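Some notes on the structure that comes next.
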Amino acid sequence: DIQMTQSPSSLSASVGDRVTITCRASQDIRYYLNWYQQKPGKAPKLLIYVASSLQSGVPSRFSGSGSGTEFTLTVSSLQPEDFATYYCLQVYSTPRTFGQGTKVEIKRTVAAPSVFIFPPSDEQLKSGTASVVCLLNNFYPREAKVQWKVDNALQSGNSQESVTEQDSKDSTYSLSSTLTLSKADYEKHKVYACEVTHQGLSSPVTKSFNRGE
Amino acid sequence: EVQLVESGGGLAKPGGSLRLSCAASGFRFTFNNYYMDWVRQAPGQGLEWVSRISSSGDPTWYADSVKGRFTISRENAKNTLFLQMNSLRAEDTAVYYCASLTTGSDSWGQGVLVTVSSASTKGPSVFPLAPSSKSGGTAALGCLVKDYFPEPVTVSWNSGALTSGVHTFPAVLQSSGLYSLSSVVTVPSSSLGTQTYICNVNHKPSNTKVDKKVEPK
């Protein structure tokens, strides 16, 4: 087993910036090492093989370097579409060993989210479950605290989130928070709110609705 | 470009078996000249090599992870690669890539999801997220695609006509053991007139399709 040490595990850099990722192997693998880009939801796609050869069609932004036990992948000028996890792979012997990946995020100026709120639908209630959706839209950075409050008591353990990928043209995220109850308990309270804290907001923005109005 | 299209596999109870297939096309020389591989990726994690096969069919390499239970094969007459997966186990839950790793002919299939679980298939309920104070100069509306198993579902809006402003969220696993996601689109406020917004949910594992018109509040 040829062990592979990829570094950094994760990084944030700006559009236009030089990024440089490093792989290290525990044996001399000569020049048999490849680098892959993996976009969100997609299969890995070859960027560089035998250490320094560019796959036909890959931007020239990407270069490959080194040999023996030390290899470096460089992105000359990072572009918004370069959000990916990058992975080296040793191609010298089996078993095949990959590095553990480098997550790369593009960094851009702060953009406060827009908070939308969506009450449960009649059809869903007709069925005895109530689900409230909170939607923060186009923000950066990724970090956001989103809290649910029903009748102003804070909720804990009855909701969950999902974040999308960094958008590949304007480098922002959107997030959904979904609090979920039974008709039973939904009917006991009037006001539902989500409360959002984010660096682009000088103050927590709460968006709410009173039940059925 | 080598092109690799996977088939199989789906949902399977622990102890059971599935088979993956993969069709290959596009190699400069003929299929039988190329060693071939499966790689996998579990939810949350990175890539893990699974198995390799030589040109003829012999020899074969396996990861300790799967030795004993999985078997790789090949039918050169048909440009097809297989992975018989026996004795399935929770840990085996991953997306499986057919991969061509021969230098100068690198290609990965799109992947096919395998879920090892005792939960059974279940079609989603699709409730609308109604445009409302989902609003300024802009309106947001969506679909709550809720309680289904296994992954995936696909969501389209007005049958692919409307891709502008659409964000389909990654699925989350609920404490019930079932999944849920939302899909949403921001559209011009004033257009909610007037303009119909139907989302299309599709769950191949339940052989389900729902289409649903979202509408104002």
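In this analysis, Cβ positions are derived from the backbone assuming ideal geometry, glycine residues included, and neighbour counts consider all displayed protein chains. FYI, it's all coordinate maths here, none of it is from the lab.
Per-structure values
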| read-out | value |
| --- | --- |
| Residue, surrounded by the most Cβ atoms within 10 Å (Cβ to Cβ), within segment B:54-80, restricted to residues that are part of a strand (DSSP E or B) and within 11 Å of another protein chain (Cβ to nearest Cβ) | B:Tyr62 |
| Residue match in segment B:119-138 (condition: within 21 Å of B:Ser7 (Cβ to Cβ) and surrounded by fewer than 24 Cβ atoms within 10 Å (Cβ to Cβ)) | yes |
| Unmet criterion (only one of (1) more than 10 Å from chain B (Cβ to nearest Cβ); (2) surrounded by 16 or more Cβ atoms within 10 Å (Cβ to Cβ); (3) under 30 Å from A:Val191 (Cβ atoms)) for A:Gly128 | (2) |
| Pairs, first within 8 Å of chain B (Cβ to nearest Cβ) and within 14 Å of B:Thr103 (Cβ to Cβ) in segment A:37-54, second of a type in the set (A, V, I, L, M) and not in a strand (DSSP E or B), C-beta under 7 Å, six or more apart | none |
| Pairs where the first residue, in segment A:116-145, is in a helix (DSSP H, G or I) and the second is surrounded by fewer than 21 Cβ atoms within 10 Å (Cβ to Cβ), C-beta under 6 Å, 6+ apart | A:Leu125/A:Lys183 |
| Subset of segment B:81-111 that is more than 14 Å from chain A (Cβ to nearest Cβ) and crowded, with 18+ Cβ neighbours inside 10 Å - its residue that is nearest to the chain's Cα centre (by Cα) | B:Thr93 |
